[PDB]
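Note sheet for the following structure.
6 protein chains.
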Amino acid sequence: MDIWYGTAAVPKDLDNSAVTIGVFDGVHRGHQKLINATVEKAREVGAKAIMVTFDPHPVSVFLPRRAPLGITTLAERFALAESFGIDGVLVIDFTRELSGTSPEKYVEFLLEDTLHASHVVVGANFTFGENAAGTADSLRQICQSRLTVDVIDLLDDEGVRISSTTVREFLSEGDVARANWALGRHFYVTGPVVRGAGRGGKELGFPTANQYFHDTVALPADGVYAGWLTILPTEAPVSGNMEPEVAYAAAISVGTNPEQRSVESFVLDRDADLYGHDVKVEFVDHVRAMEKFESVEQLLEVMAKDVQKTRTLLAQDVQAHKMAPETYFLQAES
Amino acid sequence: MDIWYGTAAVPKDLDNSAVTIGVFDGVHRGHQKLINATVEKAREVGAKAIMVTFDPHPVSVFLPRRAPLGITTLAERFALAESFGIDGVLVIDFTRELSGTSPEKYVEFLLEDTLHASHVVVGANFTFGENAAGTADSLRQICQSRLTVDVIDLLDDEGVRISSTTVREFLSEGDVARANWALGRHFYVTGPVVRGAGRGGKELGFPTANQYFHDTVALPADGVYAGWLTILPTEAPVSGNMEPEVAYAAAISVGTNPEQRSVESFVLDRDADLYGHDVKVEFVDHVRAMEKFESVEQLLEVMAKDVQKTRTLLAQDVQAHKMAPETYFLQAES
Amino acid sequence: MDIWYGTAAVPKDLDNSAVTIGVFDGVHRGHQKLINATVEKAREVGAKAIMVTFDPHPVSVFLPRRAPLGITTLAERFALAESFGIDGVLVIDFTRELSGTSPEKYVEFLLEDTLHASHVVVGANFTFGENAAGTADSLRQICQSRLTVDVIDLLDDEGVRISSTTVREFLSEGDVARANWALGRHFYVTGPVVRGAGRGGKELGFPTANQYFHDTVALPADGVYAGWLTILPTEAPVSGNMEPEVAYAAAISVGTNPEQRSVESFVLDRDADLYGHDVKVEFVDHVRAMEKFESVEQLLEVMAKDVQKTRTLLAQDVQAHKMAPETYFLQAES
Amino acid sequence: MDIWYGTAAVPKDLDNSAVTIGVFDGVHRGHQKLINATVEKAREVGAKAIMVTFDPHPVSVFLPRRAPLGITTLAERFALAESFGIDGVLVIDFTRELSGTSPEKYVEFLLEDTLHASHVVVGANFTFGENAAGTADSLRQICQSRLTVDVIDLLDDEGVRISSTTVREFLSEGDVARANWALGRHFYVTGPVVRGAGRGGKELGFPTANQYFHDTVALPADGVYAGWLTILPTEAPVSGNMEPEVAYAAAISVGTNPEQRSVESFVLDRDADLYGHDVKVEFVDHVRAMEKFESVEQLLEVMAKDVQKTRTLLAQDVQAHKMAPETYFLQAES
Amino acid sequence: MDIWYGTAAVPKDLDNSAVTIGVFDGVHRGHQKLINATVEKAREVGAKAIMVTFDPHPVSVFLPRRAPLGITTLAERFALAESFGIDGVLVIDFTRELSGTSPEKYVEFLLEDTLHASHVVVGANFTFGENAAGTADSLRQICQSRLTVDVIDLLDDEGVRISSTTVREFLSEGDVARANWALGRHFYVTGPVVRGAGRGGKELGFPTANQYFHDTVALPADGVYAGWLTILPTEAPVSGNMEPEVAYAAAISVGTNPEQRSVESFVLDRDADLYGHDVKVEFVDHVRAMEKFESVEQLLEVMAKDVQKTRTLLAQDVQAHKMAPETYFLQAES
Amino acid sequence: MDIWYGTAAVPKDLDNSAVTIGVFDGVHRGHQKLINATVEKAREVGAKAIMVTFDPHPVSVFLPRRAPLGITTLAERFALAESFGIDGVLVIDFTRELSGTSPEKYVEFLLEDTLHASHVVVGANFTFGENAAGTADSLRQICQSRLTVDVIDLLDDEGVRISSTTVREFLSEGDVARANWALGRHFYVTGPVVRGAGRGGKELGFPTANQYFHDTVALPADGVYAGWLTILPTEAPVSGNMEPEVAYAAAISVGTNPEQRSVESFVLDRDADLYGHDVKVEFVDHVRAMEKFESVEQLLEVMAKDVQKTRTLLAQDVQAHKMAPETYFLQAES
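Residue numbers (the entry's author numbering), protein chains in the order written: chain A, 1 to 258, 263 to 338; chain A', 1 to 258, 263 to 338; chain A'', 1 to 258, 263 to 338; chain B, 1 to 258, 263 to 338; chain B', 1 to 258, 263 to 338; chain B'', 1 to 258, 263 to 338. A prime marks a further copy of an entry chain.
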């Protein structure tokens, strides 16, 4: 998949495309409709399926540092776009271009001159151009007889509107299961493992992995979650009895160092230290709220209840195998 | 108007004065009673009307950094004192002098030796001298046959005691209208315009002006307010279609960068960038509470409702012309 | 009293001991049971009474910076241990040793090899060894026919379980009286006096002493407390009319500089400045919640009510003379 | 003079302009040559004289926070431009536009479509377009018979090349005399006066005014300088015996702070406190390097030598006429 | 290769090992001698080759934050060890164990009980046990007829002693060529690429990749260097025309930040943005010292000289064969 | 000895005093001359000997945070004054009083009204009153026949002028021997011992005590020094084999911290941890400059040389008798 930053970087010889336009933060189930419609039409005409997206978040252009929390990093937005068969991602920076353009010169410049588009696919809520004057309705009439438009209704399911906003709310409430349901996959973060408390290994109280994320990263509410930890492919040696590319059962503790988030993972039935490695943490279900511990005894007692509840939640998760990982490790007991 | 810092700076040849004593933070309607009484008596005897005030706030002497928020800066206290016809302001620093003095030596030193006072005017709540032993009652009997005293009852109106404290509470609640009612004018701050998001001009989402204030500055609760923005007199060139000394209709957004306050002003129907200029923001009425925005579309939709509600509130404000500005700019519509 | 850091520092020739094991934070009334039982048995056999304790807090080993607030500093834990007749304190660092040891090798290494113990005394809640597998029950059966064990029931009194946790809760609620009741003495902190507002002396609004404590120090909730201030023995000159080693009546103001705590002490009926000195502040009873002051007058009015209420509370405290100080200064009135 | 941010802000109905392009930082004597040729030409054909300038500094686009120090602020660059009769300033942001654009498109878009120039004036060192390929030569050969092009050589005078760089070097070494000579005026900074040491007035040791400047502001080397301070036009009252709009002889002390630079002005033969005013400080000549003081006596002794030496240097500046202030205040002796 | 944290993590069923002990920071050519003798011996008797190394650095145990800069991270020390065929790394923490232990007990516990070594290999400068009393001699005389001991002299080559220290000195002066020569390979750092100036692509001035490193990471002196950048194996898409697993000719700019070090790579003849990838940067030769830029033209001029000089130096590196990358990309001209 | 803050704190019933006025920072041998003449005179006429001193430093009143480093704290200045038999210290704050006061009023108010002095003793360099106009001469001519005035010349000895300044210079260069010689005693700092590297005891490399000092505290140049450490009188238990009130031979390492200065004491031939105690550290002689260590072996090697060299230098200090501690502990060899 090609990734272009700004219209100037798009090749001039690109002859045909089917284009979809949005922030696509989270690539949730609504976003997948747009991507699917786009990829299908591109196959039909032998064109490329292009996603036009935005970075920085268009909101932070007008209101710096008051933009919505990023459900996925931009890099993951790329990976997700690819996984649903997008051929090229054009990334637009509204501080550089396409902000003050009229709806008319936007269609002309972006969809025609730059992308040589024959089809465009947007959500009913899509807007564009100076002061957001261009709507889904504008696009259909500016494009009349120039390129076909397909406006897709916002996705409603089980009485919930599926959007970046609702995914953020579920995450913020700690309801990862509903977030997962809306995303169409386990919500996950990825990151390098740093040193934490003591060492990963024989001791149950020491995390198998510690990770840190900047405050622009959307994360579940502080608490303990059941989920899966996967060491991303690597040739570097791993300390302990975990193998790369296998999804291990884990009780996951999300915290805050006072506004900057930690993820501390206790991998079930494994003695490992993952320092140095890049690790994916998939969230499955909420286990408990954060609590302060009065003693080592009380701490480990609770840690053991976490493990128990996680084993139950994950044994269930594996049965919904469309969202479960391919290769996993979960023991029936300790 | 003369401004003296400490008794030592008051000229020795000053022969007669009518004196009023207080913090006078905000110069609210109660303060105006004292200033009026003082100026009138000074006219009568051909004396100077002197305000003795305090800086730092007397509270912060005993309790550093736990003093009340300053309704006006000291500089504005000066400007306000002048506007009601005070001839000289003596500013007292209790860390330098007049703290450990008995009520007796206070009257002797300040009112007689320093100010050559024939009349003094205080509020019923006025205190002075070591451990605040001197009251309004003390002053009348220490001054018996030495200078005339006039003790003015605290101002009650519409069931509200008008004081610095109540003005702070209204400000803190976001009720600028009641604060304004108590102040006898639109509450305002002044400050240099810095760079903010993008540039002031054609784009509605970009503030016409961004300002920052330290946390000792009393400001309305975070939210959006209707008010008026005035470029203070200047010869420096102005970017866009705003003229100096004219009060422009503006939706004002008060925020916090996390405890340090921003004021972001969206001037109605004008394309301007006020970087470099000194700007006065007058607050008129509360419009809405702060909210987080999920998209550019939702942001501008709300921005447009702000403008609408501001136009209404300001069209009303102009009709109460004792508080409205002399020269204003407000359009009937977009 | 000897103080040893780590098993390596314990003398090899130590021939017999009676040992008690715990964090002992606060040395509350429950802790005193264990210490008393231990000292009594050590007297019987002509052995040394040894306390094994822990530093850092065992919780912070697994969960850095999320450990319980220290009721006493370690230094005070030493002083308290001594005051109840402990002969030696062994301080264990779980990052250095005794964490991954089995219950068996723990008893062998610590109690036998290191301490040459003939008696051990623990609380019913005591645990030890890898993943806290060793309980009070384990200890009795590992030690069968090797050394006598005495497991003491947790102390319940007046429907309250007396523990570090409950003492922290009372402190956190501002209920020092109940904390005191649980500790078996007035809760106190000690620390050097720094410069604060103005100078200690004639002025009532200026603290006699200002102190600062790091955020790991357990302190009562912000507010004003009645208590006693004692200048710890010194040959250094004291400014004003306070003598060392005498416990002076004081209204104590606990605050926060924003999470880092201040203690500002207003010594009743004394003009003193305690800069430079080491000072103990004993807390007796809660007086009022913190409040913001609108004027010097209101501030001193409230300060005077504090003094009044403190005089009452302390006059009562002196009558419970088991917790009252030996030599005190309290005037009947101003 | 108008100020436009980006090509899109430029009036579309602009028929004819004389244009000069450059950073113009400092508006030094070399820059004046460009502006003069442009302005004299503009009042030739009866068109508008336009400056195209850049903010942020083009170097900072590539090396953020490693651009050269601003000789003047952008605000002052505007004011200086206007003083030399520029009719409009167009401000280009290279992060936004005109960056990746080829030399060919740059001339067409900026000079033709946007500005409709009949005449352009650049320095022989002018470079533009993608990868700075376009040079002074490119400009003459791309403007074929459409707009006339006048290329001015860099200014050499007294063996010294006059550039923003050489001005920065002079400033940096503390040679304000040579900086001024290259600038064609006294180097100055402008800023609000804040609080500092004590209060301005009778005491020689307390500054008349304190100002702080960010690390992006070019200032002379740490030390003491002869200069003039002017209170910018204002109706706000002045504490002490200074008028606005008069340049007052001052010894000026420039210090640093572990950003952040301070300017402390000791105004000669005046007792005043300038808190709250906007104040322009002009540098004339270096007096001495910074030094630490061991006693009050030494500081006051040296302070008196600073005044004597300032008195002399400023006398010379008045007689050299050329750069002196129109209205000033300077006593021959104390 | 296995990785064990502490003696307790070592498999208890380990019957036979060949062991080498040392910090091994950098795994330089002197270190390779130790590893080779150990590995060749291990595949002799058919046992495991073990490295005993130390983290944190033993110097930091005594002088926290004053230990020598890490030539490689511990992660890289593992990878290098594995590359030279070490079967297990055992990592000792001196705060935890083997510190206060006498020479006698150190050999028994570590080499015998834990590792069951038949053979140990140390550098002649090896010291161990309490107060570093145990030396290369102690080791031969304490291992009497149990395990054979091979002491290797420090490596001298071309008159230079090869040590972690001499490598650090070379790095520190910017002599990466000599550092590499002592290391036996190109010195490298590895890290995630983050955002920086603009976006990687068409523009020469914007880096292909930006990386930041803590102050504990040894880096060459501030300046520009010839090197190779490699995108570490990944299935994540690459923006622009680079493959993973190919070393690309790059000019490398190493800067500082008032920790904290930056590495900015300008990849030759490629338009790419490497945001989000893990990237290995190899240093070959110094090009020039850091310098400030006065204009875009100068920066681009110098940038082009950096490319020419890199092009040459890298050609020499390819032909010198020995340290060149297996798969690389380098154009002869632009 | 009494301590009074401000003229108002001085007893009103003071009939007769002998007074000395000065900063007295360090109470060096020149200062002792002043105190001696004052004290010998006070026990002459049978009056009180009074020191008038200043806090904050008068230079800091004018140049905040740019005053000279305090040779001793104000606490220590009090203690030293008392040791030389001063009966009362009166501490003047120049921000509060005696600043703008003319020479005439200064003598009347301070020396007469406040202190009722029959005799005053100043250094020939003494200056006072507004703008330091009043000199040693002014004092003799303003005290006409009321109080006798004894002016003492600055102390010259061995060609060196003894002043706070020359002491600071000696300290700053690391020449504590010359500082001590000018002071008349071992320069010392006093402070609570906190935690540092490991724990004090058996290991040579871990300091017996760690102390930190603000940047306002004069300390010898970064490096290692011979000195004596004394545990200040206490009933708190000592961990290890040190008594309070004995000076113990120590090698002293003074470091810096990107304020903030550290003092790490390695007590010779003692295994102890002094956490929590107040500790006085005396400097005798410089041993070496600071250096970085490459290995544990090197650090311990150098540490042993520090001990040998300290052992020698301290032997000389004991025999030179004059400045040695009364009770000390120093072994001839290890």
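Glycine included, every Cβ here is placed at the ideal spot set by N, Cα and C.
Three-state secondary structure assigned by DSSP to residue i
i, result
"residue 131(A'')", "helix"
"residue 71(A'')", "coil"
"residue 78(A')", "helix"
"residue 309(A'')", "helix"
"residue 293(A)", "coil"
"residue 83(B)", "helix"
"residue 192(A)", "strand"
"residue 257(B')", "coil"
Distance cut-off 8 Å: residue i Cβ against heavy atoms of the ligand PLP
i, result
"residue 246(B'')", "Looking for the ligand PLP in the displayed structure turns up nothing, as the structure carries no ligands at all."
9 Å Cβ cutoff met for residue i and residue j
i, j, result
"residue 259(A'')", "residue 63(A')", "In the structure shown, chain A'' runs from 258 directly to 263, leaving residue 259(A'') without coordinates."
"residue 80(B)", "residue 120(B)", "no"
"residue 61(B'')", "residue 276(B)", "no"
"residue 204(A)", "residue 131(A'')", "yes"
"residue 164(B')", "residue 19(B')", "no"
"residue 94(B')", "residue 68(B')", "no"
Nearest-angstrom beta carbon gap, residue j and residue i [assumed within contact, 8 Å]
i, j, result
"residue 270(B'')", "residue 293(B'')", "Going by Cβ atoms, the distance from residue 270(B'') to residue 293(B'') rounds to 17 Å, so no, they are not a contact pair."
"residue 254(A'')", "residue 230(A'')", "With 8 Å as the limit, residue 254(A'') and residue 230(A'') do not qualify as a contact, their Cβ atoms being about 17 Å apart."
"residue 285(B')", "residue 212(B')", "Going by Cβ atoms, the distance from residue 285(B') to residue 212(B') rounds to 12 Å, so no, they are not a contact pair."
"residue 200(A'')", "residue 278(A'')", "6 Å"
"residue 215(A)", "residue 141(A)", "So it is not a contact: roughly 42 Å between Cβ atoms."
"residue 289(A')", "residue 226(A')", "5 Å"
Beta carbon proximity, residue i to chain E, threshold 9 Å
i, result
"residue 249(B)", "Judged by its chain identifiers, the structure shown contains no chain E, and its protein chains are A, A', A'', B, B' and B''."
Inset, instruction - Please name the residues in the stretch 307 to 320 of chain B'' whose beta-carbon is closer than 8 Å to at least one beta-carbon of chain B', in chain order. - result: Listed in sequence order: no entries.
Legend entry - Touching by the beta-carbon criterion (3+ pairs, under 8 Å), the stretch 82 to 89 of chain B and the stretch 38 to 53 of chain B: Flag = yes, the stretch 82 to 89 of chain B and the stretch 38 to 53 of chain B touch.
Inset, instruction - Check whether the stretch 237 to 254 of chain A'' touches the stretch 3 to 22 of chain B'', counting contact only when three or more Cβ pairs, one atom from each stretch, lie closer than 8 Å. - result: The count of Cβ pairs closer than 8 Å, one atom from the stretch 237 to 254 of chain A'' and one from the stretch 3 to 22 of chain B'', reaches three, so the stretches are in contact.
Legend entry - Contact set between the stretch 100 to 122 of chain A and chain B, restricted to residues whose Cβ is under 7 Å from the partner: For the stretch 100 to 122 of chain A, the set of residues with a beta-carbon nearer than 7 Å to any beta-carbon of chain B comprises 100, in chain order.
Legend entry - Residues in the stretch 64 to 86 of chain A' having any Cβ partner in chain B nearer than 8 Å: Those residues of the stretch 64 to 86 of chain A' placed with their C-beta closer than 8 Å to a C-beta in chain B are 73, 74, 75, 78, 79, 82, ordered along the chain.
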